[PDB]
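1. Whatever this is, show me its structure:
(chains A and B)
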Amino acid sequence: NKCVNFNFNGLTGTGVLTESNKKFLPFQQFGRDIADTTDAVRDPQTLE
Amino acid sequence: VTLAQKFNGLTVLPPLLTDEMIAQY
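-> Residues are numbered from 1 along each chain as shown, chains lettered A, B, ... in the order given. The protein structure is shown below:
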């Protein structure tokens, strides 16, 4: 819920991190929107 | 008529007249 510089397993950006209703498949690590741009990520230690 | 990009610095501005003001005119 705060604006932060993030690095998830090398996926580096700046944004506010929020809980999601998106369910990824077990092997998917980040999610992209219609313009091939990252809008969700899986946290590698606790997998939400 | 049927009608995201903000992380790329794109922004959409509202019109000066609302759709209620166009409906009034």
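2. where does the residue positioned nearest the centre of chain A fall, phi/psi-wise?
-> By CA atoms, centre = their mean, the mean C-alpha position of chain A lies nearest to residue A:41, the distance being 1.6 Å. In terms of degrees, to the nearest 10, the main-chain angles of residue A:41 are phi -150, psi 150.
3. Could you pull up the residues touching it?
-> Contacts for residue A:41 (CB atoms under 8 Å, 6 or more residues apart in numbering or on different chains) come out as A:6, A:8, A:11, A:29-31. All C-beta spots, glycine's among them, are computed from the backbone N, C-alpha and C.
4. Likewise for residue A:30?
-> Taking CB under 8 Å, 6+ apart as the test, what residue A:30 contacts is A:8, A:11, A:38, A:40-42.
5. Mind doing that once more with 10 Å?
-> Contact analysis of residue A:30 by CB atoms under 10 Å, 6 or more residues apart in numbering or on different chains lists A:8-9, A:11, A:24, A:38-42.
6. Which one of the contacts of residue A:41 is nearest to residue B:22?
-> residue A:31 (38.1 Å; CB to CB).
7. Check which helix or strand the closest one maps to.
-> strand A:30-32 (DSSP states H and E).
8. if we can go back for a sec, of the contacts of residue A:30, select the buried ones using a ChimeraX command.
-> Entered in ChimeraX, the line below selects the buried ones among the contacts of residue A:30, by 16 or more other CB atoms under 10 Å in any protein chain shown:
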select /A:41,42
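9. Now for the contacts of residue A:30: which two are most distant?
-> Farthest pair in the contacts of residue A:30, by CB to CB: A:9 and A:39, 16.6 Å.
10. For chain A, which residues are neighbours of chain B?
-> A:13-15, A:33-35, A:37-39 (CB under 10 Å from any CB of the partner chain).
11. Tell me which of those residues fall in helices.
-> In helices, judged by DSSP state H, none of those are found.
12. among the residues you listed, which two are most distant?
-> Farthest pair in the residues of chain A next to chain B, by CB to CB: A:14 and A:34, 21.1 Å.
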